[PDB]
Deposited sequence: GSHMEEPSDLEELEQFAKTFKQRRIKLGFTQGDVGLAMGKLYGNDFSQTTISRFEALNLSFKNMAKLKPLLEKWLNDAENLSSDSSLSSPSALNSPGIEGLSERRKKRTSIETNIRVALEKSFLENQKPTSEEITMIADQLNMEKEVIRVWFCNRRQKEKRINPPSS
């Protein structure tokens, strides 16, 4: 085992939050700096989850290396379109590339966005809750 184990990640989280506060940065500030300095911005939400370890060990492991560069150095779909989309889903759960292309232009929305919406919708329907 080379990557940080759970206890080590908890310590890094502790350290990271201390340094952030000591330096006077908000979680949002850090998320923004990550994009400006390292090319991958993060939201305030992700920084908050990371500092609280409200993420899986798998996700914390991906993020730690990225936030470590910061630490070292510091030292949308429309409401109406949705409803219609839902109506459509009701009619046909799995529209074809052709059906889809139509629906896109019809709604004046990019094709890929629509293809993905139906994919996400079929997935949500398979959920327990």
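Absent C-alpha positions map to the deposited sequence ranges 1-4, 80-109, 164-167, in order along the chain.
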